[PDB]
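Colleague: Structure provided below as structure tokens; questions to follow.
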Amino acid sequence: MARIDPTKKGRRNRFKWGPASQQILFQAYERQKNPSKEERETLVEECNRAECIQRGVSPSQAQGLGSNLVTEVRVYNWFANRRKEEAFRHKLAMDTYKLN
Numbered sequence: 000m001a002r003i004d005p006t007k008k009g010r011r012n013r014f015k016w017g018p019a020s021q022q023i024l025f026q027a028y029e030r031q032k033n034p035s036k037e038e039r040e041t042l043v044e045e046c047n048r049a050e051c052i053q054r055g056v057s058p059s060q061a062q063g064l065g066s067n068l069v070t071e072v073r074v075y076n077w078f079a080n081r082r083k084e085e086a087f088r089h090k091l092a093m094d095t096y097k098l099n
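This is the structure:
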């Protein structure tokens, strides 16, 4: 009984970002720090491109990644990590370790 059922989302295991993908995330940070539109929408594409290459998946089906599909909510998540990585510690101010 009880069962494991999805909460919402967070750090899914099957999902990875990826090496090139880290570069992608950083080179979003290069441009824009308040994720407005094109930026992010771009970012998902940019990323999907970089991810599909790791699998030799067709560009016109880069989302075929499937298992590790960089959907919007993932990118939304990472920026919403970064600003929370502030917000937590920004409120506590005694919690440099144990995840700011």
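Just so we're aligned, residue 0 is where the sequence shown starts under the deposited numbering, counting upward by one.
Idealized CB from N, CA, C, for every residue including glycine.
Could you tell me the boundaries of the alpha helix (DSSP H) in which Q62 lies?
Modeller: By one-based count along the sequence shown, residue 62 stands at place 63. First-last for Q62: undefined, no H or E at that position.
Colleague: If you draw a straight line from the C-alpha of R11 to the C-alpha of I3, how long is it?
Modeller: Residue 11 sits at position 12 when you count from the first residue of the sequence shown. Residue 3 sits at position 4 when you count from the first residue of the sequence shown. Cα atoms of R11 and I3: separation of roughly 14 Å, rounded to the nearest angstrom.
Colleague: Measuring alpha carbon to alpha carbon, tell me which residue in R39, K15, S35, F14 is nearest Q26.
Modeller: The residue given as residue 26 occupies position 27 in the sequence shown. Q26 has its Cα closest to that of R39, out of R39, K15, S35, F14.
Colleague: If you follow the alpha helix (DSSP H) that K97 is in, where does it begin and where does it stop?
Modeller: Counted from its first residue, the sequence shown places residue 97 at position 98. That residue, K97, is in no alpha helix (DSSP H); it is neither H nor E in DSSP.
Colleague: Helix, strand or coil: which one does DSSP assign to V72?
Modeller: Reading the sequence shown from its first residue, position 73 is the one you call residue 72. Note: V72 maps to helix in three-state DSSP.
Colleague: Could you tell me the distance, in whole angstroms, from the CA atom of residue 119 to the CA atom of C51?
Modeller: Absent from the structure is residue 119, since the part of the chain shown begins at 0 and ends at 99.
Colleague: Starting from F25 and walking both ways along the alpha helix (DSSP H), at which residues does that stretch end?
Modeller: Against the sequence shown, residue 25 aligns to sequence position 26. Taken as a continuous stretch (DSSP letters only), the alpha helix (DSSP H) holding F25 covers 18-28.
Colleague: What's the gap between the Cα of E37 and the Cα of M0?
Modeller: Residue mapping note: residue 37 aligns to position 38 of the sequence shown, counting from 1. Residue mapping note: residue 0 aligns to position 1 of the sequence shown, counting from 1. If I take the Cα positions, the gap works out to 45 Å.
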